[PDB]
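Novice: Structure file structure_9.txt (compact mmCIF, N, CA and C atoms) is given on the next line.
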```
# COMPACT_ATOMS: atom_id res chain seq x y z
N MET Y 1 -5.49 12.55 -13.46
CA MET Y 1 -5.65 11.90 -12.13
C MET Y 1 -5.24 10.43 -12.21
N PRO Y 2 -4.46 9.92 -11.22
CA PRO Y 2 -3.87 8.58 -11.29
C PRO Y 2 -4.81 7.38 -11.24
N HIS Y 3 -4.41 6.27 -11.87
CA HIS Y 3 -5.19 5.04 -11.83
C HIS Y 3 -4.44 4.08 -10.92
N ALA Y 4 -5.00 2.89 -10.67
CA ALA Y 4 -4.24 1.78 -10.12
C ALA Y 4 -3.09 1.40 -11.05
N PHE Y 5 -2.09 0.71 -10.51
CA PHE Y 5 -0.99 0.18 -11.30
C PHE Y 5 -1.52 -0.86 -12.28
N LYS Y 6 -0.96 -0.87 -13.50
CA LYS Y 6 -1.32 -1.86 -14.51
C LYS Y 6 -0.05 -2.37 -15.20
N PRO Y 7 -0.07 -3.58 -15.80
CA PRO Y 7 1.09 -4.11 -16.53
C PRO Y 7 1.49 -3.06 -17.56
N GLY Y 8 2.81 -2.86 -17.68
CA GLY Y 8 3.41 -1.93 -18.62
C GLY Y 8 3.85 -0.67 -17.87
N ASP Y 9 3.31 -0.45 -16.67
CA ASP Y 9 3.67 0.79 -15.95
C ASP Y 9 5.14 0.77 -15.53
N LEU Y 10 5.84 1.91 -15.63
CA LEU Y 10 7.27 1.97 -15.33
C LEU Y 10 7.41 2.62 -13.96
N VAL Y 11 8.31 2.07 -13.13
CA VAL Y 11 8.46 2.58 -11.77
C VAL Y 11 9.91 2.55 -11.36
N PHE Y 12 10.21 3.16 -10.20
CA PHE Y 12 11.33 2.69 -9.40
C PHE Y 12 10.73 1.87 -8.26
N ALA Y 13 11.30 0.69 -7.97
CA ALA Y 13 10.72 -0.19 -6.98
C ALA Y 13 11.69 -0.32 -5.81
N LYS Y 14 11.15 -0.29 -4.57
CA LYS Y 14 12.01 -0.24 -3.39
C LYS Y 14 11.97 -1.60 -2.70
N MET Y 15 13.14 -2.23 -2.53
CA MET Y 15 13.31 -3.39 -1.67
C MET Y 15 14.30 -3.01 -0.56
N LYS Y 16 14.12 -3.59 0.64
CA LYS Y 16 15.01 -3.36 1.78
C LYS Y 16 16.45 -3.69 1.40
N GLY Y 17 17.40 -2.82 1.75
CA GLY Y 17 18.79 -3.14 1.47
C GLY Y 17 19.21 -2.74 0.06
N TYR Y 18 18.27 -2.27 -0.77
CA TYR Y 18 18.64 -1.86 -2.11
C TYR Y 18 18.20 -0.42 -2.35
N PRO Y 19 18.85 0.33 -3.26
CA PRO Y 19 18.33 1.63 -3.69
C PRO Y 19 17.06 1.45 -4.52
N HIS Y 20 16.22 2.49 -4.61
CA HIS Y 20 15.09 2.56 -5.52
C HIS Y 20 15.53 2.14 -6.92
N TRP Y 21 14.87 1.12 -7.49
CA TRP Y 21 15.45 0.38 -8.61
C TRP Y 21 14.57 0.45 -9.86
N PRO Y 22 15.12 0.72 -11.08
CA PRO Y 22 14.28 0.81 -12.27
C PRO Y 22 13.60 -0.54 -12.52
N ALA Y 23 12.28 -0.47 -12.76
CA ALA Y 23 11.44 -1.65 -12.84
C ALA Y 23 10.18 -1.37 -13.64
N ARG Y 24 9.47 -2.46 -13.97
CA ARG Y 24 8.16 -2.33 -14.56
C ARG Y 24 7.19 -3.28 -13.88
N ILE Y 25 5.91 -2.96 -14.01
CA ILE Y 25 4.88 -3.91 -13.59
C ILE Y 25 4.72 -4.92 -14.73
N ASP Y 26 4.84 -6.22 -14.41
CA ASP Y 26 4.71 -7.26 -15.42
C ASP Y 26 3.27 -7.75 -15.58
N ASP Y 27 3.02 -8.40 -16.73
CA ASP Y 27 1.86 -9.25 -16.91
C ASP Y 27 2.08 -10.57 -16.17
N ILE Y 28 0.99 -11.30 -15.91
CA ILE Y 28 1.14 -12.69 -15.53
C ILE Y 28 0.73 -13.52 -16.75
N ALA Y 29 1.63 -14.40 -17.20
CA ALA Y 29 1.35 -15.29 -18.31
C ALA Y 29 0.25 -16.28 -17.93
N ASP Y 30 -0.56 -16.68 -18.92
CA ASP Y 30 -1.42 -17.84 -18.71
C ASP Y 30 -0.57 -18.99 -18.18
N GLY Y 31 -1.06 -19.64 -17.12
CA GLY Y 31 -0.42 -20.82 -16.56
C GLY Y 31 0.68 -20.53 -15.55
N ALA Y 32 1.01 -19.25 -15.33
CA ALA Y 32 2.15 -18.88 -14.50
C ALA Y 32 1.65 -18.60 -13.08
N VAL Y 33 2.57 -18.66 -12.11
CA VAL Y 33 2.30 -18.36 -10.70
C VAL Y 33 1.84 -16.92 -10.52
N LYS Y 34 0.68 -16.77 -9.86
CA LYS Y 34 0.04 -15.50 -9.55
C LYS Y 34 0.70 -14.90 -8.32
N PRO Y 35 0.71 -13.56 -8.14
CA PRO Y 35 1.31 -12.96 -6.94
C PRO Y 35 0.36 -13.14 -5.76
N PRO Y 36 0.82 -12.93 -4.51
CA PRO Y 36 -0.10 -12.90 -3.37
C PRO Y 36 -1.09 -11.76 -3.60
N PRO Y 37 -2.25 -11.76 -2.90
CA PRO Y 37 -3.21 -10.66 -2.96
C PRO Y 37 -2.59 -9.30 -2.68
N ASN Y 38 -3.05 -8.30 -3.43
CA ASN Y 38 -2.66 -6.91 -3.27
C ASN Y 38 -1.18 -6.72 -3.61
N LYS Y 39 -0.50 -7.74 -4.17
CA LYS Y 39 0.88 -7.52 -4.63
C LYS Y 39 0.93 -7.52 -6.16
N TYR Y 40 2.00 -6.93 -6.71
CA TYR Y 40 2.19 -6.88 -8.16
C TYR Y 40 3.46 -7.63 -8.56
N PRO Y 41 3.51 -8.28 -9.75
CA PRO Y 41 4.77 -8.86 -10.22
C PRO Y 41 5.65 -7.73 -10.74
N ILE Y 42 6.84 -7.58 -10.15
CA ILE Y 42 7.72 -6.48 -10.49
C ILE Y 42 8.96 -7.04 -11.17
N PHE Y 43 9.23 -6.57 -12.39
CA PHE Y 43 10.42 -6.98 -13.12
C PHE Y 43 11.47 -5.90 -12.99
N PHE Y 44 12.65 -6.29 -12.48
CA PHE Y 44 13.70 -5.31 -12.22
C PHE Y 44 14.61 -5.27 -13.44
N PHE Y 45 14.69 -4.11 -14.10
CA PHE Y 45 15.64 -3.97 -15.20
C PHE Y 45 17.07 -4.19 -14.70
N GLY Y 46 17.94 -4.61 -15.63
CA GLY Y 46 19.35 -4.84 -15.35
C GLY Y 46 19.61 -6.23 -14.75
N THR Y 47 19.05 -6.53 -13.57
CA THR Y 47 19.25 -7.84 -12.94
C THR Y 47 18.31 -8.85 -13.59
N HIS Y 48 17.22 -8.35 -14.16
CA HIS Y 48 16.14 -9.14 -14.73
C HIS Y 48 15.49 -10.06 -13.69
N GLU Y 49 15.53 -9.68 -12.40
CA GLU Y 49 14.82 -10.46 -11.37
C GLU Y 49 13.35 -10.03 -11.26
N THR Y 50 12.51 -10.88 -10.64
CA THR Y 50 11.11 -10.59 -10.37
C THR Y 50 10.87 -10.71 -8.87
N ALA Y 51 10.20 -9.72 -8.29
CA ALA Y 51 9.75 -9.83 -6.91
C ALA Y 51 8.31 -9.35 -6.85
N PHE Y 52 7.63 -9.64 -5.73
CA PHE Y 52 6.24 -9.28 -5.57
C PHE Y 52 6.16 -8.15 -4.56
N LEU Y 53 5.59 -7.02 -4.99
CA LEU Y 53 5.60 -5.82 -4.16
C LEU Y 53 4.22 -5.17 -4.17
N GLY Y 54 3.94 -4.40 -3.12
CA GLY Y 54 2.70 -3.64 -3.07
C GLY Y 54 2.99 -2.16 -3.38
N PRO Y 55 1.94 -1.34 -3.61
CA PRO Y 55 2.10 0.06 -4.03
C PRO Y 55 2.97 0.96 -3.14
N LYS Y 56 3.11 0.62 -1.85
CA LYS Y 56 3.94 1.48 -1.00
C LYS Y 56 5.40 1.47 -1.45
N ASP Y 57 5.82 0.43 -2.19
CA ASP Y 57 7.19 0.33 -2.62
C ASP Y 57 7.37 0.69 -4.09
N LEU Y 58 6.32 1.24 -4.71
CA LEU Y 58 6.32 1.54 -6.14
C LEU Y 58 6.17 3.05 -6.37
N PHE Y 59 7.16 3.64 -7.06
CA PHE Y 59 7.17 5.07 -7.35
C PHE Y 59 7.15 5.29 -8.86
N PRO Y 60 6.08 5.90 -9.41
CA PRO Y 60 6.02 6.22 -10.84
C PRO Y 60 7.31 6.80 -11.42
N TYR Y 61 7.71 6.25 -12.58
CA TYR Y 61 9.05 6.51 -13.13
C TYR Y 61 9.24 7.98 -13.50
N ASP Y 62 8.23 8.54 -14.17
CA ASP Y 62 8.36 9.90 -14.67
C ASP Y 62 8.59 10.89 -13.53
N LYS Y 63 7.72 10.85 -12.51
CA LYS Y 63 7.82 11.74 -11.35
C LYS Y 63 9.13 11.58 -10.58
N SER Y 64 9.72 10.37 -10.54
CA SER Y 64 10.78 10.04 -9.59
C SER Y 64 12.16 9.99 -10.23
N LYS Y 65 12.26 10.11 -11.56
CA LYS Y 65 13.53 9.80 -12.20
C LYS Y 65 14.63 10.80 -11.84
N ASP Y 66 14.24 12.07 -11.65
CA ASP Y 66 15.19 13.11 -11.27
C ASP Y 66 15.89 12.75 -9.96
N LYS Y 67 15.17 12.11 -9.03
CA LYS Y 67 15.71 11.74 -7.74
C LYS Y 67 16.44 10.40 -7.79
N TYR Y 68 15.88 9.42 -8.50
CA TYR Y 68 16.37 8.06 -8.34
C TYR Y 68 17.11 7.57 -9.58
N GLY Y 69 17.05 8.33 -10.67
CA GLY Y 69 17.56 7.86 -11.95
C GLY Y 69 19.02 8.27 -12.21
N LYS Y 70 19.89 8.06 -11.22
CA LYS Y 70 21.31 8.38 -11.32
C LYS Y 70 22.13 7.09 -11.19
N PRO Y 71 23.36 7.03 -11.78
CA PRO Y 71 24.18 5.81 -11.71
C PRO Y 71 24.51 5.30 -10.32
N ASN Y 72 24.76 3.99 -10.22
CA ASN Y 72 24.86 3.31 -8.94
C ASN Y 72 25.85 2.17 -9.08
N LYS Y 73 26.63 1.97 -8.01
CA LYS Y 73 27.66 0.94 -7.99
C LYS Y 73 27.03 -0.45 -8.08
N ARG Y 74 25.75 -0.56 -7.72
CA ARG Y 74 25.18 -1.88 -7.47
C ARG Y 74 25.00 -2.65 -8.78
N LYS Y 75 25.22 -3.97 -8.71
CA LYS Y 75 25.33 -4.82 -9.88
C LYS Y 75 24.01 -4.79 -10.65
N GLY Y 76 24.09 -4.50 -11.96
CA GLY Y 76 22.92 -4.51 -12.82
C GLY Y 76 22.23 -3.15 -12.89
N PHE Y 77 22.55 -2.23 -11.98
CA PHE Y 77 21.78 -1.00 -11.87
C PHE Y 77 21.87 -0.14 -13.14
N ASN Y 78 23.09 0.07 -13.64
CA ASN Y 78 23.31 0.99 -14.75
C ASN Y 78 22.74 0.39 -16.03
N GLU Y 79 22.87 -0.94 -16.16
CA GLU Y 79 22.19 -1.65 -17.24
C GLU Y 79 20.68 -1.42 -17.13
N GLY Y 80 20.15 -1.56 -15.90
CA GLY Y 80 18.77 -1.24 -15.59
C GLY Y 80 18.31 0.14 -16.06
N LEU Y 81 19.11 1.19 -15.83
CA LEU Y 81 18.77 2.55 -16.23
C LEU Y 81 18.68 2.64 -17.75
N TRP Y 82 19.48 1.84 -18.46
CA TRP Y 82 19.51 1.97 -19.91
C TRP Y 82 18.24 1.33 -20.46
N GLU Y 83 17.86 0.22 -19.84
CA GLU Y 83 16.72 -0.56 -20.29
C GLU Y 83 15.45 0.27 -20.12
N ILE Y 84 15.28 0.89 -18.94
CA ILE Y 84 14.00 1.56 -18.66
C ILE Y 84 13.88 2.82 -19.54
N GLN Y 85 15.01 3.37 -19.99
CA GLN Y 85 14.99 4.59 -20.81
C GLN Y 85 14.87 4.25 -22.29
N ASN Y 86 15.41 3.10 -22.70
CA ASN Y 86 15.67 2.84 -24.10
C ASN Y 86 14.75 1.76 -24.68
N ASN Y 87 14.37 0.71 -23.91
CA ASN Y 87 13.45 -0.29 -24.41
C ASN Y 87 12.69 -0.92 -23.22
N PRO Y 88 11.84 -0.14 -22.52
CA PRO Y 88 11.25 -0.65 -21.29
C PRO Y 88 10.23 -1.77 -21.47
N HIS Y 89 9.78 -2.00 -22.71
CA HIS Y 89 8.70 -2.94 -22.95
C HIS Y 89 9.16 -4.18 -23.71
N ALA Y 90 10.49 -4.35 -23.82
CA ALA Y 90 11.16 -5.45 -24.52
C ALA Y 90 11.07 -6.74 -23.71
N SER Y 91 11.12 -7.85 -24.45
CA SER Y 91 11.31 -9.14 -23.81
C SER Y 91 12.74 -9.23 -23.30
N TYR Y 92 12.94 -9.51 -22.00
CA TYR Y 92 14.27 -9.67 -21.44
C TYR Y 92 14.50 -11.12 -21.02
N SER Y 93 13.71 -12.05 -21.56
CA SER Y 93 13.98 -13.46 -21.37
C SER Y 93 15.19 -13.90 -22.21
```
How does this structure look as structure tokens?

Specialist:
Amino acid sequence: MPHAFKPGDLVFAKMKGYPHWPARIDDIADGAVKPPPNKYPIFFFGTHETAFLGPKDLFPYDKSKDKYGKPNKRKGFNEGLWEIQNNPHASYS
């Protein structure tokens, strides 16, 4: 039975204007900017961008990969697919 989202969780994350995108829930570093309430820090594989999203835009990676885990013309996407499959917990700084 599912829990709330926690840092380390792998997802596809949905932003307007973009396809469902390989991502993870990030930690917040000591001293770093906190997200707004009820939002999560989302790290997008491939582009290495961070956005703040709520659960309605977060789809568990395992359940959704068959649908969303296919190659895409969009910049960074295919790099993103490799990262989430091959080293999803790596430092990408």

Novice: Can you tell me, as an NGL selection string, what residues are no more than 8 Å from residue 20 (chain Y) when counting only N, CA and C atoms, ignoring any on the same chain fewer than 4 positions away?

Specialist: :Y and (11-15 or 68-69)

Novice: Among chain Y, which ones does DSSP assign to helix (DSSP H, G or I) (computed from the backbone)? Answer as a list in words.

Specialist: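 Written out, the helix (DSSP H, G or I) residues of chain Y are residues 55, 56, 57, 61, 62, 63, 64, 65, 66, 67, 68, 77, 78, 79, 80, 81, 82, 83, 84, 85 and 86 of chain Y.
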
Novice: Hey, which of Y:29, Y:22, Y:1, Y:6 ends up closest to residue 83 (chain Y)? Count only C-alpha atoms.

Specialist: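 Nearest candidate to residue 83 (chain Y) out of Y:29, Y:22, Y:1, Y:6: Y:22.
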
Novice: Can you tell me which residues surround residue 41 (chain Y) at a distance of at most 8 Å, considering all atoms listed in the file, apart from same-chain residues fewer than 2 positions away, and format the answer as a list in words?

Specialist: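 Here the answer would be residues 24, 25, 26, 27, 28, 34, 35, 36, 38, 39, 43, 44, 50, 51, 52, 53 and 54 of chain Y.
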
Novice: Hey, what does DSSP flag as strand (DSSP E) within region 15-48 of chain Y? Can you give it to me as a VMD selection string?

Specialist: chain Y and resid 21 to 25 40 to 44

Novice: Just N, CA and C atoms for this one: save the residues we selected as a short mmCIF file (atom, residue, chain, number, x, y, z; two decimals), in the coordinates of the input.

Specialist:
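File written: again.cif
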```cif
data_model
loop_
_atom_site.label_atom_id
_atom_site.label_comp_id
_atom_site.auth_asym_id
_atom_site.auth_seq_id
_atom_site.Cartn_x
_atom_site.Cartn_y
_atom_site.Cartn_z
N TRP Y 21 14.87 1.12 -7.49
CA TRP Y 21 15.45 0.38 -8.61
C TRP Y 21 14.57 0.45 -9.86
N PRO Y 22 15.12 0.72 -11.08
CA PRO Y 22 14.28 0.81 -12.27
C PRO Y 22 13.60 -0.54 -12.52
N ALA Y 23 12.28 -0.47 -12.76
CA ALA Y 23 11.44 -1.65 -12.84
C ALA Y 23 10.18 -1.37 -13.64
N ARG Y 24 9.47 -2.46 -13.97
CA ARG Y 24 8.16 -2.33 -14.56
C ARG Y 24 7.19 -3.28 -13.88
N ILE Y 25 5.91 -2.96 -14.01
CA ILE Y 25 4.88 -3.91 -13.59
C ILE Y 25 4.72 -4.92 -14.73
N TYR Y 40 2.00 -6.93 -6.71
CA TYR Y 40 2.19 -6.88 -8.16
C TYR Y 40 3.46 -7.63 -8.56
N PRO Y 41 3.51 -8.28 -9.75
CA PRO Y 41 4.77 -8.86 -10.22
C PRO Y 41 5.65 -7.73 -10.74
N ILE Y 42 6.84 -7.58 -10.15
CA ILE Y 42 7.72 -6.48 -10.49
C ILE Y 42 8.96 -7.04 -11.17
N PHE Y 43 9.23 -6.57 -12.39
CA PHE Y 43 10.42 -6.98 -13.12
C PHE Y 43 11.47 -5.90 -12.99
N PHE Y 44 12.65 -6.29 -12.48
CA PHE Y 44 13.70 -5.31 -12.22
C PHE Y 44 14.61 -5.27 -13.44
#
```

Novice: Using CA of residue 58 (chain Y) and atom C of residue 77 (chain Y) as the two end points, give the distance in Å to one decimal.

Specialist: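 Distance between the two atoms: 17.1 Å.
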
Novice: Counting only C-alpha atoms, figure out which residue out of Y:76, Y:21, Y:2, Y:7 gets nearest to residue 64 (chain Y).

Specialist: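 Smallest distance to residue 64 (chain Y) is found for Y:21.
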
Novice: Do you have the CA of residue 80 (chain Y)-CA of residue 40 (chain Y) distance handy?

Specialist: 19.0 Å

Novice: Find the distance between atom C of residue 42 (chain Y) and atom C of residue 79 (chain Y) and write it in Å to one decimal.

Specialist: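 Atom C of residue 79 (chain Y) lies at a distance of 14.3 Å from atom C of residue 42 (chain Y).
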
Novice: Using 5 Å of padding on each side, determine the axis-aligned box around all atoms of region 77-91 of chain Y present in the file and give its centre and edge lengths in Å to one decimal, as JSON.

Specialist:
```
{"center_x": 16.0, "center_y": -2.3, "center_z": -18.3, "size_x": 24.6, "size_y": 23.8, "size_z": 22.8}
```

Novice: Restricting the calculation to all atoms listed in the file, which member of Y:93, Y:10, Y:81, Y:86 is positioned closest to residue 61 (chain Y)?

Specialist: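 Between Y:93, Y:10, Y:81, Y:86, the residue approaching residue 61 (chain Y) most closely is Y:10.
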